[PDB]
$ cat structure_24.txt   # compact mmCIF, C-alpha atoms and all ligand atoms
# COMPACT_ATOMS: atom_id res chain seq x y z
CA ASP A 8 106.63 132.52 75.07
CA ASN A 9 104.82 134.70 77.72
CA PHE A 10 101.54 134.54 75.89
CA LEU A 11 101.57 131.06 77.44
CA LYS A 12 99.37 130.91 80.53
CA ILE A 13 99.28 128.28 83.27
CA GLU A 14 95.93 127.90 85.02
CA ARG A 15 94.90 125.71 87.94
CA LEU A 16 91.35 124.61 87.16
CA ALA A 17 88.53 125.39 89.58
CA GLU A 18 85.02 123.92 89.86
CA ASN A 19 83.46 126.20 87.24
CA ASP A 20 86.09 124.98 84.75
CA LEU A 21 84.44 121.76 83.52
CA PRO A 22 84.73 122.67 79.80
CA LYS A 23 88.49 123.16 80.17
CA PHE A 24 88.71 119.85 82.01
CA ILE A 25 86.95 118.11 79.12
CA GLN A 26 89.24 119.94 76.68
CA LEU A 27 92.26 118.54 78.51
CA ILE A 28 90.81 115.02 78.49
CA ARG A 29 90.40 115.37 74.72
CA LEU A 30 94.04 116.46 74.53
CA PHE A 31 95.04 113.36 76.54
CA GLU A 32 92.98 111.29 74.11
CA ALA A 33 94.87 112.56 71.05
CA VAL A 34 98.40 112.67 72.48
CA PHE A 35 98.17 109.25 74.16
CA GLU A 36 96.43 107.95 71.03
CA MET A 37 93.54 106.41 72.96
CA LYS A 38 91.34 104.27 70.69
CA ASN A 39 87.54 104.01 70.87
CA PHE A 40 87.45 106.30 73.90
CA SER A 41 84.04 106.98 75.46
CA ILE A 42 84.26 110.00 77.75
CA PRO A 43 82.44 109.60 81.10
CA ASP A 44 79.36 111.79 81.61
CA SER A 45 79.71 115.40 82.77
CA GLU A 46 78.02 114.54 86.06
CA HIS A 47 80.90 112.22 86.90
CA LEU A 48 83.61 114.58 85.61
CA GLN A 49 82.16 117.51 87.56
CA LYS A 50 82.14 115.53 90.81
CA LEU A 51 85.77 114.56 90.22
CA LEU A 52 86.74 118.17 89.53
CA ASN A 53 84.92 119.06 92.76
CA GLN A 54 87.03 116.71 94.91
CA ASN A 55 89.45 118.36 97.34
CA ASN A 56 92.14 115.80 96.58
CA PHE A 57 92.35 116.43 92.84
CA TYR A 58 94.12 119.29 91.01
CA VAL A 59 94.28 119.96 87.27
CA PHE A 60 96.69 122.39 85.63
CA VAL A 61 96.34 123.44 82.01
CA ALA A 62 98.54 125.41 79.65
CA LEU A 63 96.78 127.98 77.51
CA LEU A 64 97.42 130.06 74.42
CA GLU A 65 94.57 132.53 74.51
CA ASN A 66 91.76 129.95 74.91
CA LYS A 67 93.54 127.01 73.28
CA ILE A 68 94.39 124.24 75.76
CA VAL A 69 97.83 123.25 74.46
CA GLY A 70 98.85 121.08 77.41
CA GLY A 71 98.03 120.02 80.93
CA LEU A 72 98.46 117.69 83.87
CA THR A 73 96.35 115.98 86.51
CA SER A 74 97.37 115.30 90.10
CA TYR A 75 96.00 113.56 93.18
CA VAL A 76 96.55 114.52 96.81
CA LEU A 77 97.61 111.66 99.09
CA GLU A 78 97.19 112.50 102.79
CA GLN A 79 99.89 110.71 104.80
CA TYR A 80 99.93 108.79 108.07
CA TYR A 81 103.71 109.15 108.26
CA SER A 82 103.39 112.92 108.33
CA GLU A 83 100.85 115.73 108.32
CA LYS A 84 102.51 117.20 105.22
CA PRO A 85 100.65 115.61 102.27
CA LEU A 86 102.01 114.08 99.07
CA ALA A 87 101.03 115.02 95.54
CA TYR A 88 100.84 112.36 92.82
CA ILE A 89 101.11 113.63 89.25
CA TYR A 90 99.13 111.14 87.19
CA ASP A 91 99.06 112.39 83.58
CA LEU A 92 101.05 115.05 81.74
CA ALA A 93 100.79 115.86 78.06
CA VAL A 94 101.43 118.62 75.54
CA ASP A 95 99.71 118.95 72.15
CA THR A 96 101.93 117.34 69.50
CA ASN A 97 102.17 120.65 67.64
CA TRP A 98 103.38 122.50 70.74
CA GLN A 99 105.82 120.06 72.31
CA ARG A 100 109.52 120.87 72.82
CA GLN A 101 108.78 124.54 73.54
CA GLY A 102 108.97 124.65 77.33
CA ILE A 103 105.31 124.00 78.10
CA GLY A 104 105.85 120.71 79.94
CA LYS A 105 108.52 122.35 82.11
CA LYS A 106 106.27 125.33 82.93
CA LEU A 107 103.49 122.92 83.91
CA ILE A 108 105.75 120.97 86.27
CA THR A 109 107.19 124.18 87.73
CA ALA A 110 103.76 125.69 88.40
CA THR A 111 102.54 122.40 89.88
CA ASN A 112 105.41 122.03 92.33
CA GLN A 113 105.14 125.72 93.19
CA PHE A 114 101.46 125.24 94.05
CA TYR A 115 102.05 122.24 96.28
CA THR A 116 104.99 124.08 97.85
CA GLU A 117 102.72 126.96 98.89
CA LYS A 118 100.38 124.37 100.35
CA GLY A 119 103.15 122.93 102.51
CA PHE A 120 103.30 119.52 100.86
CA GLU A 121 106.30 117.33 101.63
CA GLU A 122 106.81 115.93 98.14
CA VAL A 123 105.45 115.65 94.59
CA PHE A 124 106.11 112.48 92.57
CA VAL A 125 105.51 111.34 88.99
CA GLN A 126 106.19 108.16 87.04
CA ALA A 127 107.16 107.14 83.52
CA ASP A 128 107.48 103.75 81.87
CA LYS A 129 111.10 102.67 81.63
CA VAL A 130 110.68 102.12 77.88
CA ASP A 131 109.50 105.71 77.33
CA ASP A 132 112.89 107.28 76.58
CA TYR A 133 111.51 110.68 75.68
CA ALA A 134 109.40 110.93 78.83
CA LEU A 135 112.39 109.89 80.94
CA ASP A 136 114.54 112.53 79.24
CA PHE A 137 111.86 115.14 79.91
CA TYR A 138 111.44 114.41 83.61
CA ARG A 139 115.21 114.27 84.06
CA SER A 140 115.40 117.78 82.61
CA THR A 141 112.97 119.07 85.27
CA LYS A 142 115.73 118.53 87.87
CA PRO A 143 113.83 116.20 90.22
CA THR A 144 115.35 115.53 93.65
CA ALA A 145 115.91 111.87 92.79
CA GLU A 146 114.71 109.01 90.60
CA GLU A 147 114.04 105.39 91.53
CA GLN A 148 113.70 102.17 89.54
CA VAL A 149 110.44 100.44 90.43
CA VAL A 150 108.14 97.64 89.30
CA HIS A 151 104.46 98.39 88.84
CA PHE A 152 102.01 95.51 89.43
CA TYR A 153 98.34 95.71 88.57
CA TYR A 154 95.23 93.60 89.03
CA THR A 155 92.50 93.98 86.42
CA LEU A 156 89.28 93.39 88.34
CA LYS A 157 86.22 91.43 87.25
CA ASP B 8 96.50 80.20 110.57
CA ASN B 9 92.82 79.50 110.97
CA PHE B 10 92.61 82.02 113.80
CA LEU B 11 93.72 84.81 111.47
CA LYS B 12 91.10 87.46 110.77
CA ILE B 13 91.21 90.01 107.96
CA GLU B 14 89.44 93.26 108.77
CA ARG B 15 88.75 96.50 106.88
CA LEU B 16 89.07 99.44 109.29
CA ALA B 17 86.07 101.71 109.84
CA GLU B 18 85.94 105.25 111.24
CA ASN B 19 86.03 104.03 114.85
CA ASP B 20 89.21 101.98 114.33
CA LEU B 21 91.86 104.59 115.17
CA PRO B 22 93.56 102.36 117.80
CA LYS B 23 94.06 99.64 115.18
CA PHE B 24 95.26 102.21 112.65
CA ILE B 25 97.85 103.53 115.10
CA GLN B 26 98.88 99.93 115.78
CA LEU B 27 99.43 99.28 112.06
CA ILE B 28 101.46 102.48 111.71
CA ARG B 29 103.71 101.30 114.55
CA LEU B 30 104.01 97.97 112.75
CA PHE B 31 105.08 99.91 109.64
CA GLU B 32 107.65 101.83 111.69
CA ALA B 33 109.16 98.61 113.05
CA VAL B 34 109.12 96.50 109.87
CA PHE B 35 110.26 99.29 107.53
CA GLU B 36 112.90 100.13 110.16
CA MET B 37 112.09 103.84 110.14
CA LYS B 38 114.43 105.87 112.33
CA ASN B 39 113.58 108.88 114.53
CA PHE B 40 109.92 108.66 113.50
CA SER B 41 107.22 110.78 115.16
CA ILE B 42 103.65 109.59 114.65
CA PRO B 43 101.22 112.39 113.68
CA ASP B 44 98.62 113.71 116.14
CA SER B 45 95.57 111.47 116.60
CA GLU B 46 93.27 114.14 115.26
CA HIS B 47 95.25 114.12 112.01
CA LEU B 48 95.18 110.32 111.77
CA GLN B 49 91.49 110.22 112.68
CA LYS B 50 90.56 112.59 109.82
CA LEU B 51 92.52 110.47 107.35
CA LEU B 52 90.70 107.33 108.51
CA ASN B 53 87.43 109.25 108.10
CA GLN B 54 88.20 109.89 104.41
CA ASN B 55 86.05 107.96 101.94
CA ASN B 56 88.95 107.61 99.49
CA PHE B 57 91.22 105.83 101.97
CA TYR B 58 90.88 102.19 103.02
CA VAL B 59 92.98 100.24 105.51
CA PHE B 60 93.05 96.46 105.82
CA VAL B 61 94.64 94.69 108.78
CA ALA B 62 95.44 91.11 109.80
CA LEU B 63 94.55 90.07 113.33
CA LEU B 64 95.39 87.29 115.73
CA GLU B 65 93.32 87.88 118.89
CA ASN B 66 93.70 91.66 119.42
CA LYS B 67 97.12 91.72 117.82
CA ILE B 68 97.62 93.37 114.44
CA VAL B 69 100.23 91.20 112.73
CA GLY B 70 100.08 92.90 109.35
CA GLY B 71 98.14 95.26 107.12
CA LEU B 72 97.97 97.47 104.06
CA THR B 73 96.85 100.97 103.13
CA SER B 74 95.12 101.96 99.90
CA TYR B 75 93.98 105.14 98.15
CA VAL B 76 91.02 105.54 95.82
CA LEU B 77 91.89 107.36 92.62
CA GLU B 78 88.74 108.49 90.81
CA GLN B 79 89.23 108.54 87.04
CA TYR B 80 88.34 110.86 84.18
CA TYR B 81 88.89 108.00 81.72
CA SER B 82 86.14 105.91 83.32
CA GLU B 83 83.42 105.97 85.97
CA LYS B 84 85.10 103.02 87.66
CA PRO B 85 87.83 104.11 90.10
CA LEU B 86 91.40 102.87 90.52
CA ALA B 87 92.78 101.70 93.86
CA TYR B 88 96.39 102.37 94.87
CA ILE B 89 97.94 100.02 97.41
CA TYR B 90 100.50 102.26 99.09
CA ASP B 91 102.01 100.23 101.96
CA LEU B 92 101.95 96.55 102.89
CA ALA B 93 103.77 94.77 105.70
CA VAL B 94 103.58 91.76 107.97
CA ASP B 95 105.15 91.57 111.43
CA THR B 96 108.59 89.98 111.04
CA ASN B 97 107.72 87.18 113.45
CA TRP B 98 104.73 86.23 111.29
CA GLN B 99 106.07 86.55 107.74
CA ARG B 100 105.82 83.76 105.15
CA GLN B 101 102.60 82.24 106.50
CA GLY B 102 100.09 83.49 103.94
CA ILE B 103 99.13 86.75 105.65
CA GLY B 104 100.34 88.96 102.81
CA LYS B 105 98.36 86.96 100.27
CA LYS B 106 95.15 87.07 102.29
CA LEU B 107 95.53 90.83 102.65
CA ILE B 108 95.99 91.28 98.92
CA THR B 109 93.07 88.89 98.33
CA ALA B 110 90.73 90.71 100.71
CA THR B 111 91.73 94.09 99.25
CA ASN B 112 91.05 93.12 95.63
CA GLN B 113 87.82 91.39 96.63
CA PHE B 114 86.63 94.58 98.35
CA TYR B 115 87.44 96.74 95.34
CA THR B 116 85.79 94.29 92.94
CA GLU B 117 82.58 94.48 94.98
CA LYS B 118 82.77 98.27 94.66
CA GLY B 119 83.03 98.13 90.87
CA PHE B 120 86.61 99.34 90.59
CA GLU B 121 88.48 98.88 87.31
CA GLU B 122 91.90 98.04 88.69
CA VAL B 123 94.14 97.81 91.73
CA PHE B 124 97.86 98.54 91.44
CA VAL B 125 100.89 98.40 93.72
CA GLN B 126 104.59 99.22 93.41
CA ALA B 127 107.79 97.63 94.69
CA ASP B 128 111.36 98.90 94.47
CA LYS B 129 113.46 97.15 91.85
CA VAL B 130 116.01 96.19 94.51
CA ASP B 131 113.37 94.84 96.89
CA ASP B 132 113.71 91.19 95.83
CA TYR B 133 111.52 89.75 98.58
CA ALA B 134 108.72 92.24 97.86
CA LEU B 135 108.95 91.49 94.13
CA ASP B 136 108.81 87.72 94.63
CA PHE B 137 105.74 88.22 96.81
CA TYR B 138 103.77 90.34 94.34
CA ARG B 139 104.74 88.03 91.48
CA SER B 140 103.07 85.17 93.37
CA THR B 141 99.74 87.02 93.76
CA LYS B 142 98.81 86.41 90.11
CA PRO B 143 98.95 90.05 89.00
CA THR B 144 97.39 90.79 85.60
CA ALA B 145 100.68 92.37 84.51
CA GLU B 146 103.88 94.03 85.67
CA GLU B 147 105.69 97.04 84.19
CA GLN B 148 109.15 98.51 84.63
CA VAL B 149 108.65 102.07 85.83
CA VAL B 150 110.89 105.01 86.75
CA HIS B 151 109.72 107.06 89.72
CA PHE B 152 110.75 110.72 90.05
CA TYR B 153 110.17 112.91 93.06
CA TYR B 154 110.53 116.55 94.03
CA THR B 155 111.30 117.20 97.69
CA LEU B 156 109.68 120.57 98.40
CA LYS B 157 111.03 123.37 100.59
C1 LIG C 1 106.50 114.65 77.71
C2 LIG C 1 105.92 116.03 77.38
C3 LIG C 1 104.74 116.30 78.33
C4 LIG C 1 107.04 117.02 77.70
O1 LIG C 1 106.72 118.41 77.56
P1 LIG C 1 107.25 119.27 76.32
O2 LIG C 1 107.23 118.52 75.05
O3 LIG C 1 106.56 120.57 76.42
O4 LIG C 1 108.84 119.59 76.55
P2 LIG C 1 109.34 120.96 77.20
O5 LIG C 1 110.25 121.66 76.28
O6 LIG C 1 109.04 121.43 78.58
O7 LIG C 1 110.57 120.08 77.95
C5 LIG C 1 111.86 120.24 77.34
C6 LIG C 1 112.95 119.11 77.10
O8 LIG C 1 112.32 117.70 76.89
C7 LIG C 1 113.27 116.62 76.42
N1 LIG C 1 113.69 116.98 75.01
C8 LIG C 1 114.12 117.74 73.98
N2 LIG C 1 113.89 117.16 72.82
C9 LIG C 1 113.25 116.03 73.08
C10 LIG C 1 112.80 115.11 72.24
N3 LIG C 1 113.02 115.35 70.95
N4 LIG C 1 112.17 114.02 72.66
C11 LIG C 1 111.99 113.88 74.04
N5 LIG C 1 112.47 114.86 74.90
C12 LIG C 1 113.10 115.94 74.40
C13 LIG C 1 114.35 117.50 76.91
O9 LIG C 1 114.77 117.28 78.28
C14 LIG C 1 114.21 119.09 76.46
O10 LIG C 1 115.01 119.78 77.45
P3 LIG C 1 116.43 120.48 77.26
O11 LIG C 1 116.35 121.12 75.95
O12 LIG C 1 116.56 121.39 78.42
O13 LIG C 1 117.31 119.29 77.36
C15 LIG C 1 105.44 116.10 75.92
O14 LIG C 1 106.53 115.81 75.04
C16 LIG C 1 104.31 115.07 75.71
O15 LIG C 1 103.14 115.42 75.77
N6 LIG C 1 104.67 113.82 75.39
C17 LIG C 1 103.64 112.80 75.18
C18 LIG C 1 103.89 111.62 76.14
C19 LIG C 1 103.93 112.05 77.62
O16 LIG C 1 103.62 113.19 77.96
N7 LIG C 1 104.31 111.08 78.47
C20 LIG C 1 104.45 111.15 79.94
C21 LIG C 1 103.50 110.27 80.78
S1 LIG C 1 101.71 110.66 80.81
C22 LIG C 1 100.98 109.06 80.62
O17 LIG C 1 100.40 108.43 81.51
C23 LIG C 1 101.23 108.47 79.24
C24 LIG C 1 100.75 107.03 79.15
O18 LIG C 1 101.47 106.18 79.72
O19 LIG C 1 99.71 106.81 78.50
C1 LIG C 2 106.62 91.21 101.70
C2 LIG C 2 105.61 90.84 102.78
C3 LIG C 2 104.56 91.95 102.88
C4 LIG C 2 104.94 89.53 102.34
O1 LIG C 2 103.91 88.99 103.20
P1 LIG C 2 104.13 87.49 103.72
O2 LIG C 2 102.98 87.20 104.59
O3 LIG C 2 105.50 87.31 104.25
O4 LIG C 2 103.89 86.70 102.30
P2 LIG C 2 102.88 85.46 102.06
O5 LIG C 2 103.22 84.55 103.19
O6 LIG C 2 101.50 85.93 101.89
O7 LIG C 2 103.39 84.80 100.64
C5 LIG C 2 102.76 83.78 99.78
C6 LIG C 2 104.06 83.45 99.05
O8 LIG C 2 104.39 84.58 98.14
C7 LIG C 2 105.71 84.58 97.52
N1 LIG C 2 106.71 84.86 98.60
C8 LIG C 2 106.38 85.59 99.68
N2 LIG C 2 107.46 85.85 100.40
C9 LIG C 2 108.49 85.39 99.72
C10 LIG C 2 109.79 85.43 100.02
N3 LIG C 2 110.12 86.02 101.17
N4 LIG C 2 110.71 84.91 99.20
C11 LIG C 2 110.28 84.31 98.01
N5 LIG C 2 108.92 84.29 97.72
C12 LIG C 2 108.05 84.80 98.60
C13 LIG C 2 105.71 83.10 97.79
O9 LIG C 2 105.09 82.23 96.80
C14 LIG C 2 105.24 82.82 99.34
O10 LIG C 2 104.61 81.57 98.96
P3 LIG C 2 104.92 80.15 99.43
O11 LIG C 2 105.45 80.53 100.73
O12 LIG C 2 103.65 79.38 99.53
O13 LIG C 2 105.86 79.74 98.38
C15 LIG C 2 106.33 90.66 104.13
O14 LIG C 2 107.34 89.66 103.98
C16 LIG C 2 107.00 91.97 104.57
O15 LIG C 2 106.26 92.78 105.37
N6 LIG C 2 108.26 92.21 104.17
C17 LIG C 2 109.00 93.43 104.54
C18 LIG C 2 108.23 94.70 104.14
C19 LIG C 2 107.99 94.77 102.63
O16 LIG C 2 108.86 94.42 101.84
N7 LIG C 2 106.78 95.22 102.28
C20 LIG C 2 106.34 95.37 100.87
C21 LIG C 2 107.09 96.55 100.25
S1 LIG C 2 106.62 96.90 98.51
MG MG C 3 89.25 129.04 85.59
MG MG C 4 116.10 109.15 118.81
MG MG C 5 99.29 118.27 114.06
MG MG C 6 83.94 108.11 106.43
MG MG C 7 105.39 79.62 96.33
$ encode --input "structure_24.txt" --output "structure tokens"
Amino acid sequence: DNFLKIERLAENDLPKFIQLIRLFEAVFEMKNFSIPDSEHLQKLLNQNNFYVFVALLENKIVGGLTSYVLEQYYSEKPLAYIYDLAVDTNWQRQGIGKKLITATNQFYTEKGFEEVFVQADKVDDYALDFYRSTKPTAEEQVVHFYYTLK
Amino acid sequence: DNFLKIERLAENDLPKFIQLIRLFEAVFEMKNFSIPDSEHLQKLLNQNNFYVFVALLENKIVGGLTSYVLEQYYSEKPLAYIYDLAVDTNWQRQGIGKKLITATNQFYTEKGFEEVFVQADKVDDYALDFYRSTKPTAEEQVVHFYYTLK
């Protein structure tokens, strides 16, 4: 419970960023992962269009999410794109994911954004059930195409 | 079309950008739309994580797409997100969409990107048939959630 802290990472928070990436690595079961150098990660963290939120128990990162800002041409109110969200396997199903989403939308609300969106694979039943429990405004069925470049 | 030119907009291409946005308004049939101030749109075009491609016959923009750069923490090579794509309704089905997609992926390959991705609504049959003809590496069923902020 309230021991749980949500923190938006700042530029002097590289070690917490790396901690979160390691969390992503374990929860998503990424194989043979080679983390990019700290120079590259620091520059990413320093971008004005990128926001990381972590969940903390004392100094344990037990969950987190990453998000990108997409400036619009349809409107001056930006969009936020939640890219990854994960909670440590030993801490899932305890309200952390929800608190992360809540804090994230609250932050972009204060910033006057129009909308925050997030995606899940249609086959990921548990992810779909989670996002549906966060009372989103709406959900849409879509097809994601990608081009692996040479 | 051997008079068709494909062009990547630079910082001094605001008039073409505005022209593409009006094309988007018409083709997407947006109602009661107000285009943002030019100073807003000019700053967006100035961003180095935002790239616009347009299709031209003489001075006339007949199509185009917008794309966002998403820097990764999984790799040093960025992702590109194709956000909008449209061709003037009088000029559809003549290869313009393909050339746009081709030029876009060629650009991002030259920049050392890992991947380009794009999304179409499940009900958008014509959009889906188009993307499925552009030889995408893969396609995934995805559910898209959004939070409309106050
Ligand atoms: C999805 C999570 C972040 C969700 O956060 P939490 O686990 O903290 O859940 P939390 O309690 O806030 O949210 C509570 C509720 O989740 C769903 N709930 C309850 N039990 C569940 C269960 N057994 N399985 C799945 N969902 C369950 C319910 O709606 C319950 O709500 P109630 O009780 O009210 O009904 C986490 O489970 C996780 O890290 N999963 C790993 C995969 C993942 O995160 N995938 C998303 C895409 S990121 C990505 O990019 C992955 C990839 O593709 O590689
Ligand atoms: C979808 C759109 C961008 C496609 O561009 P376009 O220039 O019309 O498509 P192209 O001419 O480059 O297509 C090459 C081909 O792709 C697939 N294709 C494209 N349009 C198709 C269609 N309307 N029906 C079936 N297949 C189609 C085909 O193989 C067509 O090839 P062929 O004509 O040689 O068989 C354009 O029709 C459009 O602006 N539509 C409305 C807006 C929209 O849906 N935007 C995308 C939203 S995700
Ligand atoms: Mg801090
Ligand atoms: Mg009117
Ligand atoms: Mg303004
Ligand atoms: Mg610039
Ligand atoms: Mg064909």
$ calpha_fit_rmsd --input "structure_24.txt" --fixed "chain A" --moving "chain B"
0.3 Å
$ atom_distance --input "structure_24.txt" --atom1 "CA of residue 101 (chain A)" --atom2 "atom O1 of ligand LIG 1 (chain C)"
7.6 Å
$ closest_residue --input "structure_24.txt" --among "A:147, A:121, A:18, A:8" --to "residue 135 (chain A)" --atoms "all atoms listed in the file"
A:147
$ residues_near_ligand --input "structure_24.txt" --ligand "ligand MG 6 (chain C)" --cutoff "10 Å" --atoms "only C-alpha atoms and all ligand atoms" --output "compact mmCIF listing (two decimals) with C-alpha atoms, keeping the file's coordinate frame"
# COMPACT_ATOMS: atom_id res chain seq x y z
CA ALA B 17 86.07 101.71 109.84
CA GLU B 18 85.94 105.25 111.24
CA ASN B 19 86.03 104.03 114.85
CA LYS B 50 90.56 112.59 109.82
CA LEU B 51 92.52 110.47 107.35
CA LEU B 52 90.70 107.33 108.51
CA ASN B 53 87.43 109.25 108.10
CA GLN B 54 88.20 109.89 104.41
CA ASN B 55 86.05 107.96 101.94
CA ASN B 56 88.95 107.61 99.49
CA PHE B 57 91.22 105.83 101.97
CA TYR B 58 90.88 102.19 103.02
$ residues_near_ligand --input "structure_24.txt" --ligand "ligand MG 5 (chain C)" --cutoff "12 Å" --atoms "all atoms listed in the file" --output "ChimeraX atom specification"
/A:79-84 /B:41-50
$ atom_distance --input "structure_24.txt" --atom1 "CA of residue 70 (chain A)" --atom2 "CA of residue 146 (chain A)"
23.9 Å
$ closest_atom_pairs --input "structure_24.txt" --of "chain A" --to "ligand MG 3 (chain C)" --cutoff "10 Å" --atoms "all atoms listed in the file" --output "tab-separated table"
residue	atom	partner	partner_atom	distance
A:14	CA	C:MG3	MG	6.8
A:15	CA	C:MG3	MG	7.0
A:16	CA	C:MG3	MG	5.1
A:17	CA	C:MG3	MG	5.5
A:18	CA	C:MG3	MG	7.9
A:19	CA	C:MG3	MG	6.7
A:20	CA	C:MG3	MG	5.2
A:21	CA	C:MG3	MG	9.0
A:22	CA	C:MG3	MG	9.7
A:23	CA	C:MG3	MG	8.0
A:24	CA	C:MG3	MG	9.9
A:60	CA	C:MG3	MG	10.0
A:61	CA	C:MG3	MG	9.7
$ closest_atom_pairs --input "structure_24.txt" --of "chain B" --to "ligand MG 7 (chain C)" --cutoff "10 Å" --atoms "all atoms listed in the file" --output "JSON lines"
{"residue": "B:100", "atom": "CA", "partner": "C:MG7", "partner_atom": "MG", "distance": 9.8}
{"residue": "B:136", "atom": "CA", "partner": "C:MG7", "partner_atom": "MG", "distance": 9.0}
{"residue": "B:137", "atom": "CA", "partner": "C:MG7", "partner_atom": "MG", "distance": 8.6}
{"residue": "B:139", "atom": "CA", "partner": "C:MG7", "partner_atom": "MG", "distance": 9.7}
{"residue": "B:140", "atom": "CA", "partner": "C:MG7", "partner_atom": "MG", "distance": 6.7}
{"residue": "B:141", "atom": "CA", "partner": "C:MG7", "partner_atom": "MG", "distance": 9.7}
$ residues_near_ligand --input "structure_24.txt" --ligand "ligand MG 4 (chain C)" --cutoff "10 Å" --atoms "all atoms listed in the file" --output "ChimeraX atom specification"
/B:38-41
$ axis_aligned_box --input "structure_24.txt" --around "ligand LIG 1 (chain C)" --padding-each-side "4 Å" --output "JSON"
{"center_x": 108.5, "center_y": 113.9, "center_z": 76.2, "size_x": 25.6, "size_y": 23.5, "size_z": 18.6}
$ residues_near_ligand --input "structure_24.txt" --ligand "ligand LIG 1 (chain C)" --cutoff "10 Å" --atoms "all atoms listed in the file" --output "compact mmCIF listing (two decimals) with C-alpha atoms, keeping the file's coordinate frame"
# COMPACT_ATOMS: atom_id res chain seq x y z
CA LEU A 30 94.04 116.46 74.53
CA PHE A 31 95.04 113.36 76.54
CA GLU A 32 92.98 111.29 74.11
CA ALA A 33 94.87 112.56 71.05
CA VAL A 34 98.40 112.67 72.48
CA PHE A 35 98.17 109.25 74.16
CA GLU A 36 96.43 107.95 71.03
CA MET A 37 93.54 106.41 72.96
CA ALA A 62 98.54 125.41 79.65
CA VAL A 69 97.83 123.25 74.46
CA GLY A 70 98.85 121.08 77.41
CA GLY A 71 98.03 120.02 80.93
CA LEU A 72 98.46 117.69 83.87
CA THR A 73 96.35 115.98 86.51
CA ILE A 89 101.11 113.63 89.25
CA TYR A 90 99.13 111.14 87.19
CA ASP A 91 99.06 112.39 83.58
CA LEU A 92 101.05 115.05 81.74
CA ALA A 93 100.79 115.86 78.06
CA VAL A 94 101.43 118.62 75.54
CA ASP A 95 99.71 118.95 72.15
CA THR A 96 101.93 117.34 69.50
CA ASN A 97 102.17 120.65 67.64
CA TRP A 98 103.38 122.50 70.74
CA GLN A 99 105.82 120.06 72.31
CA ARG A 100 109.52 120.87 72.82
CA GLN A 101 108.78 124.54 73.54
CA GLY A 102 108.97 124.65 77.33
CA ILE A 103 105.31 124.00 78.10
CA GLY A 104 105.85 120.71 79.94
CA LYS A 105 108.52 122.35 82.11
CA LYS A 106 106.27 125.33 82.93
CA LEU A 107 103.49 122.92 83.91
CA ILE A 108 105.75 120.97 86.27
CA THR A 109 107.19 124.18 87.73
CA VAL A 125 105.51 111.34 88.99
CA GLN A 126 106.19 108.16 87.04
CA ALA A 127 107.16 107.14 83.52
CA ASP A 128 107.48 103.75 81.87
CA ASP A 131 109.50 105.71 77.33
CA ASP A 132 112.89 107.28 76.58
CA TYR A 133 111.51 110.68 75.68
CA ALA A 134 109.40 110.93 78.83
CA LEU A 135 112.39 109.89 80.94
CA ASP A 136 114.54 112.53 79.24
CA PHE A 137 111.86 115.14 79.91
CA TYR A 138 111.44 114.41 83.61
CA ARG A 139 115.21 114.27 84.06
CA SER A 140 115.40 117.78 82.61
CA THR A 141 112.97 119.07 85.27
CA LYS A 142 115.73 118.53 87.87
$ atom_distance --input "structure_24.txt" --atom1 "CA of residue 67 (chain B)" --atom2 "atom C8 of ligand LIG 2 (chain C)"
21.3 Å
$ closest_residue --input "structure_24.txt" --among "A:9, A:65, A:156, A:151" --to "ligand LIG 2 (chain C)" --atoms "all atoms listed in the file"
A:151
$ closest_residue --input "structure_24.txt" --among "B:75, B:111, B:63, B:10" --to "chain A" --atoms "all atoms listed in the file"
B:75
$ closest_atom_pairs --input "structure_24.txt" --of "chain A" --to "ligand LIG 2 (chain C)" --cutoff "12 Å" --atoms "only C-alpha atoms and all ligand atoms" --output "CSV"
residue,atom,partner,partner_atom,distance
A:149,CA,C:LIG2,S1,9.6
A:150,CA,C:LIG2,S1,9.4
A:151,CA,C:LIG2,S1,10.0
A:152,CA,C:LIG2,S1,10.3
$ closest_residue --input "structure_24.txt" --among "B:123, B:64, B:87, B:25" --to "chain A" --atoms "all atoms listed in the file"
B:123
$ closest_residue --input "structure_24.txt" --among "A:76, A:115, A:130, A:124" --to "chain B" --atoms "all atoms listed in the file"
A:124
